[PDB]
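Step one of this worksheet: look at the structure below.
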Ligand code: HEM
Ligand SMILES: Cn1cccc1CN
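Residue numbers (the working numbering): 243 to 534.
Here's what the structure looks like:
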């Protein structure tokens, strides 16, 4: 029942935020060696999700608004292991643009990464305001990966996401890789892991998956092509309701893009009250669209 009202950084408008977007995008292009040349796109998407996914609809605790990932309790959450790389990437961006709030920066990082990786446009709204250290949510609000479809479904009800929204959001798992030292899981999900596509769904349906144990003694689904799916990923083809939606996105790139864009914006905005006279959501141009 907490209320968080969006408050525009004083005097700022679209052009200010496009400059921040551009600085993130230029650094994504420049720092290309990260994670054996995957680059920082995937980890920035994951950061934006984890700072948002602490939200609880029941009392409006957590969520992106407060920028609380900057505090030790949250940045040391075992569920956030590896995200420090994303935070470090954003540090020089914040130094250049010290006026942007932490929640705005973390969420904008995710939007920028999706778009620069040739994903859908994600409308984005400013006005998250840093809140104090005692507003940092406790660890344990982000999801476990060893679980089944019923767990996933129930988990996401706390974030006010339905089946379609869950399956759309999970398509982000096309990106990057699991790293044994971070999460106890190892490997990429496909060949296209720094360009945003519907490959997650295609690979779920088309690869021959085998349930194996990794070197951390955890089960994961592996293919001979060298890809993997988490148990929670694979649950989307075990549950008949999720399976229908996986098939839809595997067969319609545009629909996946549109549904992902809506769900990801919603995820990043959960918990925030926007005044009726707040600016409309911004749609940033990519570097490519700007000739930059
Ligand atoms: C049931 C829900 C989810 C579970 C259990 C889950 C779990 C995981 C795990 C275990 C990793 C590997 C982390 C590592 O070892 O570095 C990962 C990576 C990732 N997750 Fe999720 N995740 C979920 C939902 C999502 C959502 C909703 C998004 C965004 C829309 C997302 C985006 C990502 C991205 C982009 C990576 C790759 C990060 C990198 O390459 O550094 N995940 N996830
Ligand atoms: C690449 N990735 C990220 C999370 C899970 C996976 C593999 N399907």
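The beta-carbon is built from N, C-alpha and C at its ideal position, and this holds for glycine as well.
Which word fits residue i, buried or exposed, when buried means at least 16 other C-beta atoms lie within 10 angstroms of its C-beta?
| i | result |
| --- | --- |
| residue 532 | exposed |
| residue 394 | buried |
| residue 353 | buried |
| residue 344 | buried |
| residue 271 | exposed |
| residue 469 | buried |
| residue 342 | buried |
| residue 433 | exposed |
| residue 415 | buried |
| residue 207 | Here the chain comprises residues numbered 243 to 534, so residue 207 is not present and cannot be evaluated. |
| residue 427 | buried |
| residue 305 | buried |
| residue 278 | exposed |
| residue 319 | buried |
| residue 419 | buried |
| residue 511 | buried |
| residue 255 | exposed |
| residue 340 | exposed |
| residue 396 | exposed |
| residue 467 | exposed |
| residue 435 | buried |
| residue 553 | Any property of residue 553 remains undetermined from this structure, which presents the chain solely from 243 to 534. |
| residue 309 | buried |
| residue 374 | exposed |
| residue 358 | buried |
| residue 477 | buried |
| residue 431 | buried |
Within the continuous beta strand (DSSP E) that includes residue i, where are the two ends?
| i | result |
| --- | --- |
| residue 464 | 461-464 |
| residue 453 | 452-455 |
Kindly list the residues whose CB is nearer than 7 Å to the CB of residue i, restricted to its own chain and excluding five residues on each side of it in sequence; keep chain order.
| i | result |
| --- | --- |
| residue 482 | none |
| residue 440 | 413, 491, 492, 495 and 498 |
| residue 243 | 301 and 302 |
| residue 398 | 408 |
At which residues does the alpha helix (DSSP H) containing residue i begin and terminate?
| i | result |
| --- | --- |
| residue 273 | Looking at the DSSP string, residue 273 is not in any alpha helix (DSSP H), and its letter there is neither H nor E. |
| residue 354 | 344-358 |
| residue 505 | 495-511 |
| residue 366 | That residue, residue 366, is in no alpha helix (DSSP H); it is neither H nor E in DSSP. |
| residue 283 | 283-294 |
| residue 485 | 482-492 |
| residue 572 | Examination of residue 572 is not possible in this model, given that the chain is present from 243 through 534 alone. |
| residue 529 | 529-532 |
Spatial neighbours of residue i within its chain, please: C-beta separation below 8 Å, excluding the five flanking residues on both sides.
| i | result |
| --- | --- |
| residue 362 | 356, 438, 499, 500, 502 and 503 |
| residue 268 | 529 and 534 |
| residue 380 | 315 |
| residue 457 | 422 and 428 |
| residue 520 | 248, 250, 367 and 369 |
| residue 443 | 413, 488, 489, 491, 492 and 498 |
| residue 273 | 281, 282 and 331 |
| residue 480 | 390 and 391 |
| residue 515 | 245, 246, 247 and 248 |
| residue 262 | 335, 339, 342, 347 and 350 |
| residue 424 | 323 and 324 |
| residue 460 | 388, 426 and 427 |
| residue 473 | 387, 388, 389, 390, 461, 462 and 463 |
Within a Cβ cutoff of 6 Å, which residues of the same chain sit near residue i, ignoring the five residues on either side of it in sequence?
| i | result |
| --- | --- |
| residue 321 | 384 |
| residue 505 | 407, 410 and 411 |
| residue 331 | 282 |
| residue 334 | none |
| residue 346 | 368 and 370 |
| residue 507 | 364 and 365 |
| residue 525 | 363 and 365 |
| residue 317 | 311 |
| residue 454 | 464 |
| residue 509 | 294 |
| residue 276 | 282 |
Please list, following the chain, all residues that have a C-beta closer than 6 Å to any non-hydrogen atom of ligand 4.
-> As far as ligands go, the structure on display features ligand 1 and ligand 2 and does not contain ligand 4.
Go through the segment 370-421 residue by residue and report every complete run of the alpha helix (DSSP H) that reaches 4 residues or more, in order.
-> For the segment 370-421, whole alpha helix (DSSP H) runs of length 4 or above, ordered along the chain, are 391-399 and 405-412.
Run through the segment 305-329 for me and flag every whole alpha helix (DSSP H) of 4 or more residues, listed as ranges in chain order.
-> Counting whole runs of 4 or more residues, the segment 305-329 contains the alpha helix (DSSP H) stretches 314-317.
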